[PDB]
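Engineer: Pasting the sequence and an experimental structure:
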Amino acid sequence: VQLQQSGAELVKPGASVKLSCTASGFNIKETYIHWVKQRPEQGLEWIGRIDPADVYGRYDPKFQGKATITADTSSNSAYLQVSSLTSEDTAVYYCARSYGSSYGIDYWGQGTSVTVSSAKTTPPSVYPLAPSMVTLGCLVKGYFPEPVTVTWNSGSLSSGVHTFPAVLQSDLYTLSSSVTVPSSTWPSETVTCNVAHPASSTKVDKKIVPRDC
Amino acid sequence: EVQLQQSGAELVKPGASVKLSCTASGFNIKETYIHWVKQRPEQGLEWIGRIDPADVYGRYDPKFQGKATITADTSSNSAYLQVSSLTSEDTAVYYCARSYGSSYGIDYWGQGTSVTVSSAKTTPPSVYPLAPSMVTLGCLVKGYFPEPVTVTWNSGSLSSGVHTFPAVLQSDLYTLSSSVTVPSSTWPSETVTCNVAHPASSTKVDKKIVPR
Amino acid sequence: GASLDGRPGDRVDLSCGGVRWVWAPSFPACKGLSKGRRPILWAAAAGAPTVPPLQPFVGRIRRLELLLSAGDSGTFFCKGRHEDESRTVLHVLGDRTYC
Amino acid sequence: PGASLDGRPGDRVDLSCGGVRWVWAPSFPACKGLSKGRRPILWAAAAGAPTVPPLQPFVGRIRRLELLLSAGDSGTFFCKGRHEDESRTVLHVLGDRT
Amino acid sequence: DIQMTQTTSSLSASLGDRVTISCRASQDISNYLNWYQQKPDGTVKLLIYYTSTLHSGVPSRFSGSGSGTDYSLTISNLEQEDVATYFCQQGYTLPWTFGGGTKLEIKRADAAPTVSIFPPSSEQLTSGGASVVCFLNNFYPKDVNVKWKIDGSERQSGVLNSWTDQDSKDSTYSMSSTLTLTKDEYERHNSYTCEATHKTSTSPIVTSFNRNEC
Amino acid sequence: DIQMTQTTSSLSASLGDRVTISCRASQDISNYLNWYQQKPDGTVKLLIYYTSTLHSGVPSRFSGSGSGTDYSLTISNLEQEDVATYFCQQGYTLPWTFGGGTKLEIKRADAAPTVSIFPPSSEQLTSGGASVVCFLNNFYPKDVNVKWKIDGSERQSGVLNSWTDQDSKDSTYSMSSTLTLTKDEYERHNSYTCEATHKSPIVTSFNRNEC
Ligand SMILES: *[C@@H]1O[C@H](CO[C@]2(C(=O)O)C[C@H](O)[C@@H](NC(C)=O)[C@H]([C@H](O)[C@H](O)CO)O2)[C@H](O)[C@H](O[C@@H]2O[C@H](CO)[C@H](O)[C@H](O)[C@H]2O)[C@H]1NC(C)=O
Ligand SMILES: *[C@@H]1O[C@H](CO[C@]2(C(=O)O)C[C@H](O)[C@@H](NC(C)=O)[C@H]([C@H](O)[C@H](O)CO)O2)[C@H](O)[C@H](O[C@@H]2O[C@H](CO)[C@H](O)[C@H](O)[C@H]2O)[C@H]1NC(C)=O
């Protein structure tokens, strides 16, 4: 009884994007589908709702005409059609289910990230960072758009991981990660910073080696 | 015993107001609607208005524009028609009648109450005898006010042959003559008396028609 | 218009000249009721009163039979389509004003 | 201001009026509906034996009342004062069509 | 205010014939139309309530008809007690309205009048006035021109007539004409005639009176 | 529309205490307000719906109290897992409005940072660029004013910092600072170092040493 949100979209400014939300287990005909916009490091904004039987969903007047939610009962899925995109639209778009006024938005989808930028897709350039306990780093510079899945020693090194959030200078992204392992395990054991950019279909793996010359 | 007791005829000065009466015999007025009707001399009937005696407010025709106000008294088992600001257009006979509703009509009708609207004064009649095998002979009734005059012959016993002609108004005085046709063997043999009664002036004149 | 006056225990057949309507009277009384026009009969597939009033039948515009009783005094409307009304005045002999 | 609601059949929601002798009177979307406009259902209860709403005998109470929803109950609900004043609560029941 | 019109205001009919009183309404009366019979100076009776329905004790001869706007009253095998006026009356709406009426006259054979002239009594003459009376009795039809030639000379001044309604006995009208004069005028001229112009016979009916005093 | 206001936009609290989130409405919303939880980069959970009533599978420590126009969510027992932003929302009238929100931070003992400085990798140096990274792995509270010197000189230009959220594992904060320079600029200057001041200052070093 889950809500299947579509993969994150990178859209050029002014253009239109149609996002997807598929119902698992339950029948959409049995609830109202609601959509929510979440600006980066900001509050949620209710886009509008829809009774899947109607197929003429109600929207917030601040969004009226700009966003058009249309559901397909046959495929048991809803769609958010957003047009005339701006940088003010670069946000995460949640698709939720609701039983009514007196029940609220109960099941919330994972969220689809919409990046509104005239900038092009660029894979990252991973840079290893070698130096009691021992702290070690990994720098991921110059990638577009977000996100990047960063793991340590094929995710087997869960304890001691610290993944910092991405920083945009000018349509360029940069994030670094730090792992704290005992001075006994390094340089004895292999330590690989596993970086994954789904957007560019890359999965780069840079082994942290003790620096020399 | 279903009887509707109408009040005696009234002579009223123009501009004044008259309150006519109607009393219920046997039946309780609470059980019917009371309706009043106007009848202009030698003319059609005009529905004035009705009343549910259980209520104060009677409903009337717009022609009787606030002049006529029917008000019934349940306690005395009697209804009343009060008609204000009188005119010569009001000199008529006023009927009181009981009705059980739209699908029944006015079933029992009152005798009527005559209202005469005139600035004229009450005047007793001046009876004049009119003498000339069958013979005709009559009697004149000149200048009486107001109507009616009960004219009978030889103390009402001589019913067969009677002809009472209706009253003629002339400079606010009435004139009616009546004629009897008796066999030439009965006259001048028998006594013939033209009996006149004026209820209005409380007179009852009797003039023996004598050969001239 | 139509203006009627009857007695309790009588019966009066009343109709319209309608355009599938709704009979909707207001009564100058309050025998458990309140001020305002209360619809008493509506068309459907076979018109019936159901639970507020229980003395009117239907001859089967539309014609009804009504048993007067005490307090049915009021204006009976025959509201059709787009304010296509057909009012009938009704007055029963009597004033029940005792609490 | 205004109150706009959405529910589903078998649910029950409270309706009221801040602007208070009154009368509740709603109109429901005509398609697959016998009547085509605003229709009265309740009038303020007098000091006798009063109850019963005509087109929906499932509204319990003062005219600050609860409504159990089912087929066709989607429409705007008006609570009316003595003169002009009306408090409207819009309502939408899930899956309202043929 | 809904109006009621009777197509005719007077209807002459032979005994035992079939007659109808028609009534046209301004609105649909929906059978709420009643009939009334007001006898001459007699009481006014409710004949037939709610169109075809008859009032208790009303004879079968009376029949009520009509629907919608035009309703009728019908009387079969006519009687000599049916000489009265009949009124239509609506009750559909509250300004209850009556029709104008239709006086029902009974037809009969042409009767010549019994013309009788009377001199002014020596009673009236003391009161400074004089009156000549001419009684024309038991005649048919209704119209008869009276003529008062004082000493042959045409007198159109101060002549006042009076007719009685259809009698129950032999159903004949009677008329009375009064020529009122001042004591002196009547005492001035001798001959006083009274001529009836009725269509029973080839000639007019002439009666006379010549005053005798010297 | 019915603008929703949450008196405070951040609330710090120690474990085993009771806290309250207040929400005032633009008009009486006849108890048609629900409460939401959004975990850091986690899903959004409906906590309370229609004011008081708990949502299925939501713990009892969560209490939804509410007047006609003034609504207040209360977390009675403080758990580390409760580090998340909470939102109120009205369903009374159709443009449903989501409030500003209140981030719930955890109060704990003041920890000193694990300051580690990293020199630019010989990989990045081929790309005609250089980047110095200084970390502060485990500390508390949130604010830490970093200042780093290269041979003593103050460098404020081209400095970009990044902070992680408070983990629901050890209840600590972490910060990353990146000093990006052109290959030539980093080759001209030697002995780069990062210092940190948190409520003696913690000073770290990375001299241009041969290897
Ligand atoms: C009230 O009206 C009913 C008609 O109600 C019905 C119908 O058959 O038309 C009854 C159904 O239960 C109802 N269904 C529901 C659940 O609402 C249907 C209706 O068609 C649907 O709403 C829509 O399709 O409505 C009766 O006319 C009834 O009058 C009584 O009928 C009797 C028949 O044998 C008998 O003649 C009684 O004398 C008569 O009063 C009326 N209710 C009452 C209590 O009078
Ligand atoms: C409509 O009626 C109710 C009463 O309903 C009941 C009852 O007494 O609870 C419902 C029962 O199912 C029903 N049947 C049986 C077998 O008990 C009975 C039935 O009518 C009697 O048995 C017959 O004697 O009736 C209320 O009167 C209600 O009035 C409202 O009550 C409120 C209470 O908080 C408040 O006082 C309101 O002012 C008042 O109007 C009435 N409903 C409405 C909306 O008017």
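Structural biologist: Happy to help now that I have it. Numbering: from 1, shown residues only, chains lettered A, B, ... in the order given. Ligands and ions are numbered 1, 2, ... in the order given.
Engineer: which residue sits closest to the residue of chain A found nearest chain F in space, ignoring its chain neighbours?
Structural biologist: Going by CB to the nearest CB, chain F is nearest to residue A:104 of chain A, at 3.5 Å. C-beta: built from backbone N, CA, C; applies to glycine. In this structure, residue A:104 finds its nearest non-sequential neighbour in residue F:34, 3.5 Å apart by CB to CB, 6 or more residues apart in numbering or on different chains.
Engineer: Residues in a beta bridge with the one you found, which ones?
Structural biologist: Note on residue F:34: beta-bridge partners residue F:89, judged by DSSP bridges.
Engineer: what residues are up against residue 93?
Structural biologist: Assuming you mean chain A. Contacts for residue A:93 (CB atoms under 8 Å, 6 or more residues apart in numbering or on different chains) come out as A:19, A:35, A:36, A:37, A:38, A:47, A:80, A:82, A:111, A:112, A:113, A:114.
Engineer: look at chain C instead
Structural biologist: B:30, B:31, B:32, B:33, B:52, B:54, B:101, C:5, C:6, C:7, C:8.
Engineer: And the residue nearest the centre of chain C, how far from chain A?
Structural biologist: The centroid of chain C falls nearest to residue C:76 when counting by CA atoms, centre = their mean (4.3 Å). For residue C:76, the distance to chain A equals 40 Å [CB to the nearest CB, to the nearest Å].
Engineer: So that residue is in contact with residue C:91, correct?
Structural biologist: No: using CB atoms under 8 Å, residue C:76 is not in contact with residue C:91; the gap is 11.3 Å.
Engineer: Confirm residue A:29 sits in a helix?
Structural biologist: Yes: membership of residue A:29 in a helix is supported by DSSP: H, G, I helix; E, B strand; the rest coil.
Engineer: Could you pull up phi and psi at the residue nearest to residue A:70 when sequence neighbours are not counted?
Structural biologist: Nearest in space to residue A:70, with sequence neighbours left out and distances taken as CB to CB, 6+ apart, is residue A:79 at 5.3 Å. Phi and psi for residue A:79, reported as degrees, to the nearest 10, are phi -140, psi 140.
Engineer: Nearest to chain A among the contacts of residue C:93?
Structural biologist: residue C:8 (49.9 Å).
Engineer: Tell me how many other residues crowd that closest one.
Structural biologist: 14 (other CB atoms under 10 Å in any protein chain shown).
Engineer: just checking, it touches residue C:73?
Structural biologist: No: the criterion here is CB under 8 Å, and residue C:8 misses it with residue C:73 at 9.8 Å.
Engineer: got any residues that touch both of these two?
Structural biologist: residue C:92.
Engineer: Map the structural domains onto the sequence of chain A.
Structural biologist: Domain assignment of chain A by curated CATH domains yields the ranges A:1-118, A:119-210.
Engineer: got TSV for the ones you listed, with distance to ligand 2 too?
Structural biologist: Below are the domains of chain A laid out as TSV (distance: least, CB to the nearest ligand atom, whole Å):
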stretch	distance to ligand 2
domain A:1-118	21
domain A:119-210	57
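Engineer: With residue D:56 as the reference, measure out to residue C:32.
Structural biologist: 21 Å (CB to CB, to the nearest Å).
Engineer: okay, now the residue in chain A positioned nearest to chain C: neighbour count?
Structural biologist: Using CB to the nearest CB, the single residue of chain A nearest to chain C is residue A:53, 26.5 Å away. Counted with other CB under 10 Å, residues neighbouring residue A:53 total 14.
Engineer: residues contacting the residue nearest to residue A:70?
Structural biologist: With CB under 8 Å, 6+ apart, residue A:79 has these contacts: A:18, A:19, A:20, A:21, A:69, A:70, A:71, A:72.
Engineer: same question, residue E:80
Structural biologist: Contacts of residue E:80 by CB under 8 Å, 6+ apart are E:15, E:106, E:168, E:171.
Engineer: Residue C:62 too?
Structural biologist: C:15, C:16, C:18, C:21, C:23, C:43, C:47, C:78.
Engineer: ok and the residue in chain C nearest chain A?
Structural biologist: For chain C, CB to the nearest CB, closest residue to chain A: residue C:44, 26.5 Å.
Engineer: cool, and chain E?
Structural biologist: residue E:28 (48.3 Å).
Engineer: backbone phi and psi for the residue of chain C closest to chain A, please?
Structural biologist: Torsion angles, degrees, to the nearest 10, at residue C:44: phi 50, psi -130.
Engineer: again, but for the one 4 residues further on
Structural biologist: Dihedral pair for residue C:48: phi -140, psi 160, per degrees, to the nearest 10.
Engineer: ok, residues contacting stretch A:181-188?
Structural biologist: Residues contacting stretch A:181-188 (CB under 8 Å, 6+ apart): A:132, A:133, A:134, A:136, A:157, A:160, A:189, A:191, A:209, A:210.
Engineer: circling back to that earlier point, what residues are bridge-paired with the residue nearest to residue A:70?
Structural biologist: residue A:20, residue A:70.
Engineer: Likewise for residue A:128?
Structural biologist: Beta-bridge partners, per DSSP bridges, of residue A:128: residue A:138.
Engineer: these two touch, right, it and residue A:208?
Structural biologist: Yes: counting by CB under 8 Å, residue A:128 does reach residue A:208; the two are 4.6 Å apart.
Engineer: intersection of neighbour lists for these two?
Structural biologist: A:137, A:138, A:193.
Engineer: Go through those and give me the one with the most neighbours.
Structural biologist: In these, the most neighbours by other CB under 10 Å go to residue A:138, 27 neighbours.
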